[PDB]
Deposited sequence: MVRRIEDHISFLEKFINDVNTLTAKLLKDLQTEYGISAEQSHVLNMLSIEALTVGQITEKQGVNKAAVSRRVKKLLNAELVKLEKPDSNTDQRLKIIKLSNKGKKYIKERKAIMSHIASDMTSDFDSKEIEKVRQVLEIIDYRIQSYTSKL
């Protein structure tokens, strides 16, 4: 009802808590911060400019800028103008997907591919609508 909204909130919070911990090392190894890690993953889908990363994130442009030219300085991200990723930035993503899919696999090894398929169809349809509403304001 609005039980689903609370569940989702709690589900997303839980996924972030797990992700943080599993990614603590890789991040330390890269000089990277959590939020920077995110930008690097947020940027895993499309090249973005500071404002877009700020809008799609809620935080004050100031903070988003500090962590953005730290990634350029680290050659983890790059200009063109927009912001794409660099090999060291990619290698990070690979190492990230790897830690993620190894545990994701675990807790889902006894799942039924068909049931998961339909579930996703629904989520993809809600994702589509979420993005759509987000375009206006």
* Asked: Where does the model have holes with respect to the deposited sequence?
  -> 1-4, 85-94
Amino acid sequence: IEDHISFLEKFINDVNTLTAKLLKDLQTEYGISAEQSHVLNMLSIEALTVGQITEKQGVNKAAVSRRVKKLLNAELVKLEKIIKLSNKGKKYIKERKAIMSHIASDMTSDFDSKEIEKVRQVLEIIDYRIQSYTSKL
From here on, numbers count along this sequence of modelled residues.
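For clarity, a rigid core is taken as the largest C-alpha set superposing within 1.5 Å between two forms.
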* Structure fact -> Superposing the other structures by the rigid core, the farther-displaced stretch by RMS over CA atoms in 8 other deposited structures of this protein, of 102-110 and 39-47, is 39-47
* Asked: Core fit done; bigger CA RMS in 8 other deposited structures of this protein for 84-92 or for 59-67?
  -> 59-67
* Which has higher Cα B-factors on average according to the PDB entry: 61-69 or 81-89? -> 81-89
* Decide which of the stretches 110-118 and 124-132 has the higher mean C-alpha B-factor, going by the entry. => 110-118
